[PDB]
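As C-alpha cells, one chain now follows by itself in the form deposited without this ligand.
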C-alpha cells in the first residue's frame, strides 16, 4: 500500500522534502506516497502550502502530523531546537522518521534519540543531501572496487558565505543553547557524512576554530556571536589514514562548496558540489595520455537512470532528496538498509562535537 506521509516545516529543507515525496514514485516506480499532513506555523501558511504542495491538509499542530493514523512516516525539518521532542514523539506514535540534520543540538539529546529509535522498531534516516548524488555514490563504489587502491589521504572543505556580511543581524542560532554549533553544525556535519562514507570511521581529531564576526546588530544594540564562523581539523581514521577537514560560513564567493578528494595508492578522486555532475578520477596511465578524467554524471552512476536516460543532462540538488526518499521508502519495505539511521547519525554528532571540544581545549579528541 502507499506510504502515508507527514511533513513538519516548509523552509529550505521542508520544501525540498515536499518535492521529493511528490516525485519519488514517478522516478523509482511503485506506489506514490500519500501526502497526508503538512505541519507549519502560522496556520494560514500551513494551509496555503499544503494546497500548493498537494498535502491533503495543513495544520499548525505538529503533534497532529506525527499522530495521524493515516501517517506512516514523518519528515521533520523545523528548527533543530525541537528535533528531539518531535523525533521521539513520532517514534513513540509508531512512525518512521526522516530527520533533517542535525539529530539535536547536543550529543546528550542525540544519545537519548538513538536509544528511542532502537526501542521503537521503526526505520530512521538523517537527511544528508550530499551523500545522495550519483557522482558521490559512484565515488564510493569506485573506492570499494579498488579503483584508487588504498586510500592514503582525505582533504575536504565546505565553504559558504551566507554569514560573511557583518551587517546580517544576530539570531538565536548564534547562541550555544538555541543554536548549538556554528559552521560545524550547519556545514561540518555534512562534510563528516561524506568523509566517513569515503574513509570509514574517525578515530581522532585535532581542531581549531574562529569567530570572525564576533558581534552583530540586534535592533538598536548588538549581541555576541557565540558559535564559530569557521573551523579546521586534522583527522586520523580508524584505518590509520590521515585527513584534513574544514568548514566556513564566511568564505566569500562560495555558495555550496562542499569539496573533497581522496588520494590513494593507485589513484585520486576529486569532487566539488558546486559542480555536482563532475567527478575527477586519476589512475596511472601511459605517459603520452596520462591525466585526470572528467567523469560527467550519467546513467552509469547510482540513481541517475531513474531521472534521465542520457548522460550529461545535469542531475540537480533537489533530486538528491528524491534519492534519499527512495532509500527510506525501500528501507521501510524491508528491501534495503538506509544510512545513516539514528545510530550511524549519533557517531557523526560525536565527531562534530569532538571537533568543537578539541578547538576549545586545545587537545586531540579520540573516539572509542
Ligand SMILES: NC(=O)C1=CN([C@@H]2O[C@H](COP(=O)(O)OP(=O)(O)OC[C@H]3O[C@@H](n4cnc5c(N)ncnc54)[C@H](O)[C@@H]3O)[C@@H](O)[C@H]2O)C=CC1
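Residue numbers count along the first chain shown, from 1.
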Taking only the other compared entries that model residues on either side of residue 198, decide whether it is unmodelled in at least a third of them. no
Check: residue 169 without coordinates in a third or more of other entries: yes
Looking only at CA atoms, which has the higher mean B factor in the entry: 52-60 or 320-328? 52-60
Tell me which stretch, 90-98 or 250-258, has the higher mean Cα B-factor listed in the entry. 90-98
Max C-alpha B-factor within the set 155, 84, 270, 137 falls on 84
Of the choices 146, 182, 298, 217, which one's C-alpha carries the largest B-factor in the record? 217
Taking the entry's C-alpha B-factors for this chain, is residue 303 in the lowest, middle or highest third? lowest
Taking the chain's C-alpha temperature factors as the reference, tell me which third residue 241 falls into: lowest, middle or highest. middle
Among the modelled residues of this chain, does the Cα B factor of residue 26 put it in the lowest, middle or highest third? middle
Quick check on the deposited entry: does the C-alpha B-factor of residue 115 sit in the lowest, middle or highest third of its chain? highest
Relative to the other modelled residues in the chain, which third contains the C-alpha temperature factor of residue 292: lowest, middle or highest? lowest
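Omitted here: the form deposited with this ligand bound. The next part is about that form.
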Any of the heavy atoms of residue 5 lying within 4.5 Å of this ligand in the deposited bound form? no
4.5 Å heavy atom contact, residue 41 to this ligand in the deposited bound form: yes
I'd like to check something about residue 358: if you look in the deposited bound form, is any of its heavy atoms closer than or equal to 4.5 Å to a heavy atom of this ligand? no
Any of the heavy atoms of residue 230 lying within 4.5 Å of this ligand in the deposited bound form? no
Want to guess which of 317-325, 24-32, 330-338, 295-303 is within 4.5 Å of this ligand in the deposited bound form, heavy atoms only? 317-325
Quick one: 9, 86 and 130 and this ligand in the deposited bound form, is every residue within 4.5 Å by at least one heavy atom? yes
If the cut-off is 4.5 angstroms on heavy atoms, which of these, 102, 180, 134, 243, is the one near this ligand in the deposited bound form? 102
Counting any non-hydrogen atom inside 4.5 Å, which residue from 238, 92, 115, 82 sits next to this ligand in the deposited bound form? 82
Determine the residues of 61-79 with a heavy atom within 4.5 Å of this ligand in the deposited bound form and present them in sequence order; the list may be empty. 62, 77, 78, 79
